[PDB]
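K.L.:
I would like the atomic coordinates for the input below:
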Amino acid sequence: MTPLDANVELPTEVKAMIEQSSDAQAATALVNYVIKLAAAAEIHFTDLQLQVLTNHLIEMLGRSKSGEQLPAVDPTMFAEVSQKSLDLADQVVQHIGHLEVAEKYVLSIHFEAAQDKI
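P.N.:
Numbering: from 1, shown residues only. Take a look at the structure below.
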């Protein structure tokens, strides 16, 4: 799905998280992308959710660059996550690049929580 066009103004705590990462440009771009993509899907994050999301997105971006292994995951545990959440997560993982497909599972829970579906 195409992310919405929008100016994104991140909360102080999210900007702090980003500033401390090893690439604020790419981390800012990624958080912005995810917010816009979710908004196109009619999903919105509270500022607390957005903090938790940002931390995870920074970790994923880091792994995309370092090559550090996918955190062990059992896909069967995600059988009842909505398809919409899984598909948005897959799009984000692919967009970042240099990640394993199964990064989508843990990321999908952020989208599921933002829809109040957990």
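
K.L.:
wait, what's in contact with residue 26?
P.N.:
Applying C-beta atoms under 8 Å, 6 or more residues apart in numbering, we find residue 26 in contact with residue 61. Yep, even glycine has a C-beta here, placed from its N, CA and C like the rest.

K.L.:
What's the separation between it and residue 87?
P.N.:
Counting by C-beta to C-beta, to the nearest Å, the separation of residue 26 from residue 87 is 23 Å.

K.L.:
For residue 84, give me phi and psi.
P.N.:
Geometry field for residue 84 lists phi and psi as phi -60, psi -50, criterion degrees, to the nearest 10.

K.L.:
cool, and residue 93?
P.N.:
Residue 93 has phi and psi values of phi -60, psi -50 when expressed as degrees, to the nearest 10.

K.L.:
Tell me how far it lies from residue 46.
P.N.:
Shown here: residue 93 relative to residue 46, a distance of 23 Å by C-beta to C-beta.

K.L.:
Repeat that for residue 82.
P.N.:
Counting by C-beta to C-beta - residue 82 and residue 46 are separated by 19 Å.

K.L.:
before we move on, what about residue 117?
P.N.:
As it turns out, when the distance is counted by C-beta to C-beta, residue 117 lies 15 Å from residue 46.

K.L.:
Before I go, just wanted to say thanks for your time.
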